[PDB]
Structure formats: structure tokens, C-alpha cells
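In: Experimental structure and sequence below.
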Amino acid sequence: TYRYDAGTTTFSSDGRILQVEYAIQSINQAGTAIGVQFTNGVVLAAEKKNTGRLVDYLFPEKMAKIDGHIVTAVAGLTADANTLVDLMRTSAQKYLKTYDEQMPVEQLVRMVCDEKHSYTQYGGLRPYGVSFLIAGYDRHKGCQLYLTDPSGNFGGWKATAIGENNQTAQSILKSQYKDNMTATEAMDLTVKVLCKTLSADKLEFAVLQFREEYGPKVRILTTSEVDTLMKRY
Amino acid sequence: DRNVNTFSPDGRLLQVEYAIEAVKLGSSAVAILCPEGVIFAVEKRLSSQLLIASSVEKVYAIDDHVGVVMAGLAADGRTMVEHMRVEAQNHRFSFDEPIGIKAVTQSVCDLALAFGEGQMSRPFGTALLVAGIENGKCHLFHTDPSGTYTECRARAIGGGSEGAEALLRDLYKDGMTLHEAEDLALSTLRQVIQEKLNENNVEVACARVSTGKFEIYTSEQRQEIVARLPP
Amino acid sequence: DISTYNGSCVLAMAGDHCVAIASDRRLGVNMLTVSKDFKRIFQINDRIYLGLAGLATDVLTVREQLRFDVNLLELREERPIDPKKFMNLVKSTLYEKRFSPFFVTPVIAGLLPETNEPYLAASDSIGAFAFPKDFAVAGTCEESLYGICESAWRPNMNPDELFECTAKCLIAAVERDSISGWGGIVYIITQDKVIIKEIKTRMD
Amino acid sequence: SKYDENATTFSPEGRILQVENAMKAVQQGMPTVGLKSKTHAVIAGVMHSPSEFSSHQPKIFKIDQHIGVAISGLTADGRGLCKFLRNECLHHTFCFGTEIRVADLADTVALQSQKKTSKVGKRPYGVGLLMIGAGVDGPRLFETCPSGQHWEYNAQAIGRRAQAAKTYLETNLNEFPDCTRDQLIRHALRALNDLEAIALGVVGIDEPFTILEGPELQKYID
Amino acid sequence: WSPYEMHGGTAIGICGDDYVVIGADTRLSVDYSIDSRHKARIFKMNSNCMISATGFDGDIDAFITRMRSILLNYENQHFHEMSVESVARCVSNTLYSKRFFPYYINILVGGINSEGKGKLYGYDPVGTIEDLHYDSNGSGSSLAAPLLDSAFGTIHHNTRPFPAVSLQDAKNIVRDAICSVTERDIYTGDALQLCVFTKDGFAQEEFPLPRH
Amino acid sequence: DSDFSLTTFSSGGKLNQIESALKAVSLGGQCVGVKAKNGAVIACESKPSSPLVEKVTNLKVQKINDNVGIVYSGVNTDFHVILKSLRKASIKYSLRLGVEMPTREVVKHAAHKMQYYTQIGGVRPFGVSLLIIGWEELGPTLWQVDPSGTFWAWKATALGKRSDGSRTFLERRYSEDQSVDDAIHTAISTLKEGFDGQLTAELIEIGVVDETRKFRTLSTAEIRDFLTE
Amino acid sequence: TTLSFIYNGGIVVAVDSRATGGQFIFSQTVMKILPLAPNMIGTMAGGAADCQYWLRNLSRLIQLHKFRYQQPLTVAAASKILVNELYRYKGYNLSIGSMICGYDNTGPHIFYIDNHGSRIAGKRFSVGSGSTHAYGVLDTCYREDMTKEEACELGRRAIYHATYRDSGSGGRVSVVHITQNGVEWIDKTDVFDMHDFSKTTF
Amino acid sequence: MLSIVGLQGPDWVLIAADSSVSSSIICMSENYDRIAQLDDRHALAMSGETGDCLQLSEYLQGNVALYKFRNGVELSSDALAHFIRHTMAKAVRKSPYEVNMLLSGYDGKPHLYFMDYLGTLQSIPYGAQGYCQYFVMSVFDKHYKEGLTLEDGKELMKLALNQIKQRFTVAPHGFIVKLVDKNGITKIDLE
Amino acid sequence: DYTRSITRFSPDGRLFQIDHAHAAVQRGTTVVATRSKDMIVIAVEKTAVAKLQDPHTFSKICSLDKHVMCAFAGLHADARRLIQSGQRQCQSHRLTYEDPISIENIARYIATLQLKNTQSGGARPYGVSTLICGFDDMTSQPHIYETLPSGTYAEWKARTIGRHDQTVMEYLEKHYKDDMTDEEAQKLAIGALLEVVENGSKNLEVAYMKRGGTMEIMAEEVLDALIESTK
Ligand SMILES: *C(=O)[C@H]1N[C@](C)(CO)[C@](C)([C@H](Cc2ccccc2)NC(=O)[C@H](Cc2c[nH]c3ccccc23)NC(=O)[C@H](Cc2c[nH]c3ccccc23)NC(=O)CCCCC)O[C@@H]1C
């Protein structure tokens, strides 16, 4: 009967999928996740959703390694973000299995975004209320950072920010982001943006770095590493 | 709110009636059947001069002998045309004969009510005029979104359908010639449109008994009909 | 036969806190030598190596399905897969195809994460895993390796001695197997480094 | 009104308002009359005329060699029901080699429409049938309704103007049983006031079901 | 296990300018045993054509039932009975629809087209269609085919016009060919269903055949 | 049709069915968790509907596998569904990999199932929040999984009735260097604050993952000893 | 025996007409050239039912494409459609040996297609049991600059020699001459008439 | 089991294939291209049933094009080789592609991959599928120098193909040889 | 599976979901496709990109095939799905038919995807208008079809989609010529977009497919030269 159906995959008078717009709002009310693309790699830095003196910072709530060459930061619902992270990991491994090559970052982004968009356009199910900052490396586009939203729309960003106070982080990145940054410089910029738009415990970091011989490596900074990075700032 | 399959308290399928309205919003098309064949004349609504008129097609050759002209949603009419072409070629394959005009019209109409909810989501927003040659006899049918095909001798579908019917009521006769059928179709189209009728804004076609073929008129033939028109 | 279609010879061996896993380098199409650069031993992780003896087709299919599985497991669990856990993963992968088995026999040579103890896991094509403390053998040279290693293996072989028997005990087996050989490669996984020694076998 | 949204929703007075809306669709169809005799059955229908230059759309259909249906309501629904009826006839002939009975076809149509009303998303057939068939069970006339029920009639009138035809049939009801095929056709024509718009399908215990229109019907128009 | 019985029996079609004569033995026999002596293997399909079938009787009945249902569907959805050409194409398509589980039956579609002309179509089990003027099917097809070739010489000279015989000359050719096949084919006999499709329609005669 | 999500974003970017399921959790019986240095504890108020209830027949503190145990606050029946799913997932994990499902993997599976029911159509979210205790390489770990499928680790927690006051009480009374004994005492104390009337051993269930890495549900006798110690 | 060759004057497609099951000639008048499009035919070799059904289905698909799209369907396109349809039944024991011959925008084209999925473009093909004999005639007597009569006679004679030397080939040579101006059905010539009974060597 | 040969050089790959297609004992065509150019960089010589090699070639070329269009980047020679191997392994498990291939490629570096019907992927300096691998290997082995000039490579490929012609009983009427290098794939004539 | 009738006729005969998809297209960025006898030029306005946004490999322009360019206006993910289907279809047409898919055929396919979404229960319409352009063959005239969320498609001498479609279309009509050269078509598209872009060099991108060629992005230097020549 669809009496209580919300018509999730239905346009609104303005031509917007209301469920996708509300998912975007949910993201904008979530912890800030900033991505900064430096010379060889990308620094992702997210605000943990679940913090407090009684919370145990054992795992990255928002940072999720997708593959040896791709890491992600989450803004919004960490649950459906985890679902899409599982799908992204499976897609990267399927690409590796098919081609014996690490999935190009844009293809993994396209896959997760096609999942999101399939939820926005078919099935009458709510969209994934998560925005991903997918940092990655591939031989084609070098090191990349992609911002993906619940609509399934993604774009490459040298630097960007999502979540709470994402506009302030974006403005700070515009003011201070420079090309050809070093890993240290980009980490400092991300820490500065996070602090200016918001504590090491609450914050989590992940540096993708491409070395010529070692390849692309994802390193999600632990509590102690993030504490050291914050104290450096 | 209510399902697309809802019957109104009057007993009308609300979505079918709304699809008929969508047809009423479509380009005017007039089919005139004469003992010498049947003629489609459809308005091509050239919104811009950069619009390729040849690509804006209401007339579709379903088969060598039968064709259709659309009024309403061009894409839904395209789906109906695809079904009709598949069914005309399937009939040619299954029975080694051209599909009957009634047969292909009924085939496309059986798809009209196939919409549902809880298949298509909605009725077709296009009405068809299916004119063809079956066993050397010219047949013409009109189908509405309800899936109700009725054989016609002179029908009009689209923007000026009511006005075209009023004009044909005292302009169409059962013993006209092919030239007279062309003149009547083109005149009815001109009088039930909001633009001038030239070889570019009109698409003409004929299911001709003489050739037993549904041929869509070239620019020269449309120019000839336009020139011969008295006004 | 399809099991002998690609002649294979994989030989893991236990030393003193070190494993060896050696393989013949031949890719042969039955009696034809296609290549001498075929990789049958794959690093699963820093302390797990998988020598896949059998159909080069299934060698790559199972290596890449196991890489898929291990990469997913290490992404989800954020820790390297343990040699025992990878053995169970290989067993699951091979028995998932119980009714259409891979024509590959695995030989898992690893070091246990804590004690660095050698871990050998040899199985049949469908994941029936043995856990020899001395040596695991696989491939068309299976019986040859069994005999040579049963006589040759000694406890507490250091990486040098472990490599020496892996190489000798593999050379003897491949040089009796017509379809396997054409060079050998021995990965000696010790507690701190992996030594990949390409050994000269007969090329006939 | 609020209960008139689905064929699956009963009203507080135990009614399916969408079924009644499909019924009203049938009632707004062209007049259709059916008559039954001991040996012949007839369905005469004033075929709809959407325009003066449109041949009257057929409503008297040929289903089985001894079964014919007059569809009143949504023509496309009637055509889908006729495809279903052809499937049932084909399967009965396949299974048993004999022509299915019009009573069995009426039962299948009733079941199909009842299914269309017992599940959401699917809609009652806007068409109502007058199926006449002369088989082993004799001549039988059935009015199949959108709700998913059929009524066996000696005579019946459905669609618009049906009241006058129904009264005429009631007047001559007791005559019909023994009335000859020609007499039955004449009764159907009298009961069904519009000539060319009137088709008339007649079936008999011996004769197959055949449709007469205009000239073929002139001998009985009287 | 073969799902057929390869029953046998011979059918012989001869088309003429205004007729088609298909004579088929009615014997239903297999493995030196006669299941039936009068099993008509020629079927009036509609007012335009008839289908003679030889081969497995279960497949004959299945195919004839399917073709009768197809022709009934055509007559309902087209309001005119399927033409002999349309029935012939339907027979080809139906036989090919079981291309990989064939009706092990040889079909002769003999009818009258809209022009009043006798149209005969021969088929193989998988639905090859030959628009021919005479054909033979069944256990005695090899016996009868040279007989029709002699009667018409079409095989001898295939580009010469078909020397169409009188309806009674075609009936006599079919009768004589069936009698010869019966004398030499053990699976042909017990009766000849000699069906003739003309403008007048379907006319069936039964002629005794040797029952040995 | 069924497969339309009844959990959908509202105008404010909030899944209102998620908040409703969290409310169902907040009326679902106080459950506490406390991470010790050498283990973790999941206690919970298990006040039966009647004394005639047989406690062992429906226990909120449950074992998912040898190393992972689970308690819940919320709807008992869909907690049992989640628990069957988690035990099945850990058995599948053992079949595939020869070891019990890791604590974090059990938590991620519970979170995935809850998120699934938050997104698929025709279903409501699970009206339970799970406190899953189990060991990992780095030490004991208490985890909370919400009806939304969002999971996160805790040092101490309360989920059910009066869980805000219980969480404040844990903030005040929880310490990092607690032993399993002290974690059990802290969990019992938190239950006492979140429970009115005499808090006895039969009215609470305690599960513990201790130095042995194995999850065990303390019997009523052990709970009595802890209450009297 | 079917054959089709491109020469400077167009495509000559000559087919026999013998349908032979086992050693018995079931027909000598079977049509082994099927017109697919106004400028394109398909030849039949192999299973008669398979060849005729699948060339008929290719004709249906070509007509569907023609009505659906203004873009003309090339001979390459028709051959590819047929070979994909036949590969759809790979392992179903279909037996089609066909030549999709005809003129498209790019000129003359012959594609030998078979149930095995092969699709070989060429200027000269012969399929069927007598294909080797027709090849013996074609490869020897073929000239690019033949006349229409000479090319039709070349195809006719290749089929005739195949019929003489092949038991499975016989009947009448149906010769079609495809040009840019369409498929011309030259004639059906009884190979019995083509045999030179003055000659005694064969 | 048609003869396809491959010869990887320092910056090129000469990929030859039996150019003659036969219907049983009849050579239907003599210029049949069995080296399907999946890409401007990759030529896949195929050896097997003409109708399974054609279908596999069409699928692989369509998927390479789909990868190039869907993802702006092109597949690497290694990536394309592993995709082909994935296709062949899936098939052999389900419905084997009875096509043994030599994937020559140049994605900035020459690549030659032995690719049996099963899904045996092996980078090779030279190779062959069919029975010609029994005839050409030794030739290559005896005459392949590291760093061959393209003309020395053409002479070596001519040597191998003449070995096939002279010593292989089912000797191809001829070979279609393609050079896969930085300039793409070009049909070169070995003379 | 979800099969709600998302797209249904309104009482006035309009499919309001198609209207909302058109609104989504309008909120999409502007594309202009122009044709010269031997060239097709698609100029798309780059969305306002900060200094932090990578401007490469995110153009709205795409190649459905070596002969088919595509550009879109509307929801980027809807258009991504449409482009994926279109590329799969171009390869599928090559598989089924050796010939490359005609621009009419591929535009029909994409518009039929949009039509199916307007007809499929539980499927939202594609909020995307697609300018699908290319050459059927070497000798075929360049084609520029515009497919709308409704699933209707029409060929155009020059067309625009997205925001400012009115203004860009007016510019095209004022400045279109029957036999424009490659340079003239490039200038037409570039100026038509220049009228409604804050910056010429930055906000504007161009991709041209010449006859017998593939999609080709304009060089920034050559694009700037053309922009300055227009101004
Ligand atoms: C060149 O030299 C010619 N050779 C012959 C053999 C032609 O006669 C072929 C190859 C030819 C192709 C063909 C195409 C179109 C029409 C007719 C013929 N092949 C045949 O004639 C085949 C031979 C045959 C027998 N069994 C097989 C199996 C696989 C492939 C080929 C064959 N004959 C047939 O297909 C029969 C034709 C036919 C027509 N009327 C019949 C009545 C009774 C029996 C057979 C009849 N059909 C069958 O054999 C069907 C068997 C079904 C069993 C369930 O053409 C080239 C040009």
C-alpha cells in the first residue's frame, strides 16, 4: 500500500532526493573528516563520534583501510559507513583478484558511489548516510583524495572536509593548503584545520604515503601517534 | 497517495484517464482511411530550428505493411513501437505472413494495462494510430492509454483531437481517393495546430494498398501535399 | 591427466625457528617446458608463504582467492593472518570446491607469530591438511620428496642447513620428476628475514 | 472514501470499495444482453462507437468453439481475461481433449478477478463478462463480475441502459427455455436497443458459437 | 532410453493445382507388433490444411495437439483460420521448438492457399520445411519416393514444371504407392486414410490394405 | 510491497526509527559493562517478570563463543535473534579459520546485522544495544553495538533503564587499573545505582572475560560471593 | 554444396538443392539460399532445419534492426548476429554451414558462418559435403574480371561438379547474383542438364 | 590447436598466428587474423576453435574497451593478462574457453604472456600455443639473444615460422605477424 | 523487491517525477553540443572548483565508445549509471553486430534507460539529460542526440542541457550556421557557454570528436585561444 513508504528513491519538487539531502544533513552533523593531498600521499583526519573519558579508543571509528593503497575517512553514520567499507574492501580485493593490480582509487570510489546511488535510485531503501574521504594511490593518478556523498556523487579534492563545520575546514584549507606539501606539512595542516574547526583522543588520523620502492602504504595513526601529532601542534 | 491501479468511484482507471490527458497534450496526428489506403499526417513540434525534424518522429514503420503514429509521451510511444515491431517480426517468423493490423494493435494494447504496483509502473502516456495493409485491405485503428483499440476510418489523437474530430465529422467521406485522403489529413492537421504546416513541421505517411506498404513520406511528397492544399 | 598437466614440486621444511619452502620453477604443459620462471610459492604475509603445487591455472586461482581472503581478513582484523588461521582458510578454500576440486595442493610454510616456531601445513587438493613438524611435500614429485626428505630431514636445521636440505632434497626430487624442475627457488623464512635463494637444478 | 484505495481493503460495512468501483466501470460499459434457452444461448451487445467514423469496437468475442464472451467495461482487461480464457480452454483440451465448459471458464475468471482483489498491487478487472457456452452441461450464460464472482443467468443485461433490457428479459424469461435459436436471437435484439452497432454471438448444443453483425443479423432484427 | 517408439507407417502427399492428396496408412505398429490397425495419422487441421504425421505416435499426438492449439489461437486472435502457408510455417517452427528433443515425426502439411492452389509441405522431425509437390514420410518413404518420382519425374528433371495430375490421378498414385509400400513395408498397412483437401475442403476415404 | 526502508532520514538528517530503537534500548533493562586491566565484565539487571520465572531459561548475559560474551539492553527477543546470528557467525568463522571469531569481529558482525536491519525494507531496527566483552591482542575490550549498527569500544558503560545515571556513576567510579574482581564489583555497584530495591544475585547476571581470555557467566553463587565480598 | 564468391561484378552464390538423410535423397528442390535483406542472402549447409530456421531468424533480426534503427545493418553485422545466435547454442549440436553474402555500404561481403561460431570474411567460400569439388572448380576457373554470365556459369559449374563428385550434393544449382542493386536470383539449372554426356571420362 | 607464436623483444613483441582458417580438411581462408587486437597496445594471438576464439576475443576486447571508457585509464599488459586469465579460469571451472592464447602487449614495456585455455598465465620472452610450440621453442632458445633488435627479432620469428612450415605436419599456409611496440599493433610482413 | 509506481501521471496528464528529474537536470551544469560537417564539439561548464579541487578526470564529458562522445547535465551519479549502461551497450552492439552502434541507436538506448526508470516500479527517473554525439561511420554525418529524463531523445544541429539551457540554446539559435567548420563549431559551443560562465578559461571545458576519431579534450592553450577569438 506504501502508506508509510517514504519514497526514498523519489525526486522532490526541487529535483532533489529528499532522503539523500537528509543523509547529507546527517553527515554535516557528524564528526569532521578532513583530507589533505600532499606530494606523495594523503592525510585523512576524522573526529571520533564516540568519545569521552569512559570510551576506549581501541579502533578507528571513522578511519578504514580499504586496501594497501586506499584508506577512507567517514563522516556521518559509522554503521552504513562500515557496510560501505566492507563493500569497498571486497571490491578492491575483487579488482586485485581479477587484474592482479591494486584497484585504481577512482574505480573503488566509483564502486562505493554506485552502491550509494543504487540506493538513491532503486529499491525504496534509505540511502547510505555516509560521506567518504577516500584517499588512495594508483599508478594512473598518483595519490588521490575523493569526497563521496550519499547521492553517489564523488569528486577529487587536493584538500577537502566533511562533517561538522566542514565549511570552516574548507575555508582554512583554501587559506593554508599548498601544492607539493610534505607528509609532515599536510599532517600539520590537517591537525590545524581539525583544531580550528573543533583533543588527540577524539581525533584519529590515517596517512596514505607512496614511496617509490615500498609502494603505497596506509597507516592509520593509533592513539599514541595521534597524541604525538597533536602535541607537535 | 492511492495506487496507480486505483479505480475511481465513477469506475474509471484514474491513471488511465491521466495518461489519456497526457495524450491530449501530445502533438496532433490525423489518420484518414480511404478505399485506396490510409494516410497519417502528424504535427512535428519543432521547438527550435536546431532540432532535427527527421529525428523527432511520431510515425514509426512497425513493419513493411503497417505503421503507427504517436500522440503524447514520445518515449512511451517508442516502447509501444518497439513492442509492435518485435511482434510484427515475430508474427512474420511464426506464420510467414505480415501481422494483421488488428493483431499488432491488440498486441500493443495488451501491454497498455500491464502497469501495476505493490511490469510497468504506469500506463503508457501515448496513444497510437496504427494503419497498415492486411491482405490487401487498408486498416486503421486508434489505441488510447486504456489499451482500448478501436478500428477507425478517420481518427485524430493529440492536442486538437476533439477539434480534428469535429472537422472530420463533415469533411471525411468513405469514398475518398488517396489524394483526397492526403488533403483531408493535412488540412485537419493544419486546422488543429497552432503553427503553419510546411514540409518540415509535418510528418506524412501512407499505408498504401496499391503497394501494400507503409511508407513514411519523404520531404518532396510532404511538399507536394502542402502545395496542393487549397488554402 | 590434469594433475600432472603442470609438473610441480613444492617442498616446505622445518628448521630451528626457520622454515623453508622451495619450488621448481618450471611451467610445463605436460611434457613441454613453457617457462622456467613459474611462481608456485607466494608470500601470504611476512611470516606465511604458500607453495601451490599443481595446475598453474589452479595455482594462480587459489593464490589469488587466498590473497583475496587474507587481504579481507587482515583489513577487517587489522592484523596479519596467523599460519594456523591461514591454514584453515586454505582448507576452507579447497573444500569449498570439494565437488570440483582445485588441482592444486598447498604447502604452507610459516613462522608462528609468537614463538617463531616452524609451521608446515600440507594438504591434498580438497584441504585435508597434514601438519608435519619435519617437511611438507606437494606436486608431481610428491613421492620423491617424501623419500628424500624422510631420510634427509634432521631436527634443528639452522637457516643455512635448512636451505641446504631444501635445495638438495628438492633437486633430488625434481631431477627424478620429468615434468617438474628447470631451476628451484627456496624461501627461507627465519625469525627476522626471508632469504630467497634461486638454486640450480637440472634444466632437462 | 478513505477505505476506497485498495481492492484489498474492506470497508467498515464489509465492502471492497475498489471492487465496487471496477463494478461501476462495468456498469458504464455498453449494453450487453444474454439469453439462454434449453438448446441455445445468445449474447447481443451494442458495440461501442468512440466516433462516427470509428467501426464499433468488438465486444462479442469468440473464446471456444462453443463459448463466447461479451465484455463490458475495460476492453483491455476483457482482452487479458480472454487470453486467460484461451489458456484455460487450451489446457482443458490438452488434458481431456474436450471443450472446457463455460461454467468452468466462469469459475476461472471469477478466481482470477478474486485474486486481483485479494492481493495488493493488483487491481480488479474493470471488465465484466457475459459468457455463453453450449457444452455437455447444456447452454449456460454466466455474468462474471470484477469482484471475482459469476452468476449463472437464464438471461441478463449489463452495462448502461441495462435496466430496461433486464425488465424485458424478465417479461419473456419463461418463454426463453423453449424458444428457438432464431427466437432467442430475436429476443436478444429486442432486449438490446442500440443495428450495425449490435453484434450477436449465438451458440447451441449442436451449433458452434458464431458471431452475427449487421447484415448477418438482419434476418433476425425484425 | 530412447523416448520414442519409431512406430512407422507411411504417408504420401501429392499437391495439385487445386488439391492436396495425403494418403497415410493407419497402422500403429512397432517392433513387429501392431498396437492399432486404424490410427488415423492424417488430421484435418482447419478449413485450409491437414497435417499427416508419421513416426512416433506419442510425438504425433503431442505435435498435432500443439498444432491444433496453435491454429485455434490463430483463429481466435485473427478471426480467420490459419492459411496453409501459415500452418506450414507454424509446423516448421513447432518442430524446431523441440529441435534438441525432436518430435520424431515426419509431417506433411497439405492444404489449399488463399489462391485455391494445393500447397504441400514436407518436413523432417526437426522442422525442415520443403514446399514440395509430392513427398513421402515414414517407414515406406524410401519405397514410395521413387514411385512419386516416376509418376512426376520431378526428381529426374527438377527444373521442368511439375506434371500435376488429376485429383483422381493423384489419389490413384497415392493408393498404388501405399499398396506397393504395404506389399514391401511391414509397418505400412491395415488401411489407407486417403485425405483430399480441395476448395471444397477436407474429404477422407478409407481403403483396406493388406494386414499381414 | 515490503522492501522499502521504514528506517529513513527525517528532515534533520536523523533516522527516527534508529532513535526509536535506541529508546526501546533505554527502556530495556539496565546492563553494565566494565573493562578491567586483565579482563572485562558485562553485568545486567535480570529482574524476572515473576519469581516463577526460571532465570537460566532466559539469560541476558550470553556467550557468543569461548572468548566473546554478550549482554543487551532492549528487546529480549531480537537480542536472541542477534545472539543466534552472532553465535552462528562465530561458528562459521571457526569453520572457515579454525579459531573463535575475534571480539572485534563479533562486534563488527553484530553491528553489520543491526545496520542491515536499519537499511533494508520491511523491518525495524533491532531494539537492543549489545555490550560485547572479549579479549584482543592488546587486552580486554568492551564494545557497544547500537540498534543502528554503530559499534564502539568502551571502558565502562550502561545501556538500559537509568543508563545515563549509571554511565555518570561509572565515569566517577571506574578506574583503568581495575582487576576483573574490581570490574565485577564496579558492575554490581552500577547495577545497584540503576536498580531500586534490594539488588540480589538472582536479579543480576554477570559475564566475565578474564586473564584466561575465555568468557564465563558467573553463577548465582559467584554473584552472591561478589555481593558479600 | 553451397558456394559464394566475390568477383569484380558482384557476388555469385550457387547452391545445390539436394537434401539427403543418410544415403537417401529426401529432396532435390530444397532452397539453400535464403534472402536475408534486399542486398543480402544466406546459404544453407548442414542441418537443413538448423540452416533454414537460423537464416530465417537472422532475417527477422535484420528486419528488427532495420525498423528500429536508420543505420543499415551491414553484411558483417548480419554474419555477427548469426554467429552469436549460433554460439548461444554451442554444444547443442546445431549444424549450420552458411555464407552470409551481400552488398552493404562497403561493397560485397561473404562471411562463412557455422554453428561452431566461426565467422570468416572472404571473397570465395564453399560449404557442404561437395565444398571441396566446388572449390576445385572455383580456385581453378575463378577470375576477378569475369562477366556476369561467366561468373554465374562459374558458380553453376562448381556446384555441378560438386554434385557429380558428391553424393550429398545434387538437384538443381540455384544461382543468385548479388550486386549493389540487390539480390538477383539468376536461375535454377538442373545439374542433370549441365552434365556433358558427350564426355565419357565423367 | 592452431599455431600462434610470440617473441618478446627489448621494446617490442612479434606475435604471429596461423593466418589460414580451415573447415575440417578444407582451407577456407588464407588471411584469417587470429591475433585479436584487444587494444591499441595488446594483440592476443588465439589458437583454438575459430568460433570460440572469436567469441573470447570479442568478450576480451569489449571488456578492455569497457575498462578504458568506464575508467579513463587503460588496462596494463599485466592487468589485461590477469583479466584474461581470470576469464579463462572462470570458464574452465564453468565452461572452458578452448582457446590457448599469446597475449602480446606494450604498456610502455613489452609483454608476452602464455595463456593456456585453463587459465595458465605466464609472462614469457617467447612462446607458442598449438603444436608449433614443440617446433619453435628450441629455435627461440637457440637463437634468442637478450636485447634483440627488432630486425633480429623479425629474423628470429621468421626462423620459427619457417620451422613450423618445414617441420610441422599441419603446416599453416601462412602466418599473420603483428609487431606490438610503442607504436601500437602493426601487421608486419616477415620477408 | 520494491516496485512502487514512483513515476505516475498527475490528474493534468503529467508525470511529475519526470518534471522533478528535469529540475535535477536544470540544477546540473550546462553542456552545449555543436556539430560541424566533420566534427562534434561538447563544451561543458566546469562546476565552481576551489583551489582544493582536482580539475582532471571529473569532466561531465565522456566517451560511450570510440565513436560516441557523451556529456550530461543533472545528477552526476545518475549520469554515471547511464554512461556505464551506454558503454556496456556500445560494446554489446559491437559484440552482437560487428558495426559500431549508431548514434541514433545508443541515444535511443540511453533514452530508453531513462524511459524504463520512468516506467519501472520502484525506480527513480534519471535526473539526467544526456547529449550523446558521434559518427555512425566514416561517411556518416555527425549526430548530436539529446535524451531527457522522460526518456525522449531527439537529434539536434546544436543543443544545450543543464542550467542556462534557455540562454545557451538562444545563443546557439542566434549563432548557428548550416555548414559550420570545425573551428566555427568550436567557437559556437565555446561562446554559447561563455555567455553564462563567470570565467571563460576556468569554468569551461571542451571535448571534440573529429570525423574518424575518438573523444578529444581541448588543450587549455587552444581552448584559451578559441575563447579569446570568440571575445
Ligand atoms: C553440399 O554439398 C550440400 N550438402 C548437403 C548434405 C545438402 O543436402 C547439405 C550440407 C545439406 C544442407 C541443407 C540446407 C538446407 C536444406 C537442405 C539441406 N544437408 C542436408 O541436406 C542434411 C544432411 C544431414 C543429415 N543429418 C545431418 C546432421 C547434421 C548436419 C547435416 C545432416 N539433411 C537434412 O538436414 C534433412 C533435410 C530434410 C528435408 N526433408 C526431409 C524429410 C525427411 C528427412 C530429412 C529431410 N533433415 C534431417 O535429416 C532431419 C533429421 C532430424 C532427426 C531428429 O547442403 C549442402 C549445400
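Out: Good, I have the coordinates. Numbering: from 1, shown residues only, chains lettered A, B, ... in the order given.

In: can the longest helix anywhere in chain H be found next to chain I?
Out: What stands out as the longest helix in chain H, according to DSSP state H, is helix H:50-70. Yes: shown here: helix H:50-70 in contact with chain I (Cβ under 8 Å from any Cβ of the partner chain) through H:58-59, H:62-63, H:65-66, H:69-70. Just so you know, the C-beta spots here come from the backbone N, C-alpha and C atoms, and that holds for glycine as well.

In: what about the strands in chain C?
Out: Taking DSSP state E as the criterion, chain C contains strands spanning C:9-14, C:18-24, C:27-29, C:32-35, C:41-45, C:48-54, C:104-111, C:118-123, C:129-130, C:135-139, C:184-190, C:194-199.

In: now the angle between strand C:184-190 and the second one, please.
Out: Between the axis of strand C:18-24 and that of strand C:184-190 there is an angle of 170 degrees, by axes from the mean of the first three to the mean of the last three Cα atoms, to 10 degrees.

In: partner strands of strand C:18-24, parallel or antiparallel?
Out: strand C:9-14 (antiparallel), strand C:184-190 (antiparallel) (DSSP bridges).

In: which residues are contacting the last one?
Out: With contact meaning Cβ atoms under 8 Å, 6 or more residues apart in numbering or on different chains, strand C:184-190 is reached by C:9, C:15, C:17-25, C:41, C:43, C:47, C:49, C:109-111, C:159, C:162-163, C:166-167, C:170-171, C:174, C:194-201.

In: Phi and psi next, for residue H:134.
Out: phi -80, psi -20 (degrees, to the nearest 10).

In: related to what we said a few turns ago, most neighbours per residue, which of the strands paired with strand C:18-24?
Out: Neighbour counts (mean count of other Cβ atoms under 10 Å in any protein chain shown) averaged over each of the strands paired with strand C:18-24 peak at strand C:9-14, with a mean of 32.

In: what residue lies at the spatial centre of chain A?
Out: residue A:133 (2.2 Å; Cα atoms, centre = their mean).

In: Kindly apply the preceding question to chain D instead.
Out: Most central in chain D (Cα atoms, centre = their mean) works out to residue D:130, at 1.3 Å.

In: between the longest helix anywhere in chain I and helix H:50-70, how big is the angle?
Out: In chain I, taking DSSP H as the definition, the longest helix is helix I:76-96. In terms of direction (the same axes, to 10 degrees), helix I:76-96 departs from helix H:50-70 by 160 degrees.

In: Whether helix I:76-96 contacts chain H - can you check?
Out: Yes: contact of helix I:76-96 with chain H (Cβ under 8 Å from any Cβ) involves I:83-84, I:87-88, I:90-92, I:94-95.

In: And the strands paired with strand C:18-24: which comes nearest residue D:188?
Out: Among the strands paired with strand C:18-24, the nearest to residue D:188 by Cβ to Cβ is strand C:9-14 (90.8 Å).

In: Skipping its backbone neighbours, what lies nearest residue F:24 in space?
Out: Of all residues not flanking residue F:24 in the chain, residue F:127 sits nearest, at 3.5 Å (Cβ to Cβ, 6 or more residues apart in numbering or on different chains).

In: so the closest residue to residue E:129 other than its chain neighbours is in which element?
Out: Once flanking residues are discounted, residue E:129 sits nearest to residue E:92: 4.1 Å by Cβ to Cβ, 6+ apart. Assigned by DSSP states H and E, residue E:92 falls within helix E:84-97.

In: Downstream of that helix, the next helix or strand is which one?
Out: Where DSSP H and E defines the elements, the next helix or strand beyond helix E:84-97 is strand E:105-112.

In: What is the host helix or strand of residue H:159 packed up against?
Out: Here residue H:159, judged by DSSP H and E, is contained in helix H:150-167. Under the contact criterion of 3 or more Cβ pairs under 8 Å, 6 or more residues apart in numbering or on different chains; DSSP states H and E, helix H:150-167 touches strand H:4-8, strand H:12-18, helix H:133-143, strand H:175-181.

In: And the contacts of it?
Out: So helix H:150-167 is contacted by H:3, H:5, H:7, H:9, H:11-12, H:14, H:16, H:126, H:128, H:132, H:135-136, H:139-140, H:143-145, H:148, H:171-172, H:175, H:177, H:179, H:181, H:188, H:190-191 (Cβ under 8 Å, 6+ apart).

In: That one versus helix H:133-143: what angle between them?
Out: 140 degrees.

In: Would you mind getting the angle between helix H:150-167 and strand H:4-8?
Out: Interaxial angle, helix H:150-167 versus strand H:4-8 (the same axes, to 10 degrees): 150 degrees.

In: Cool, thanks, signing off.
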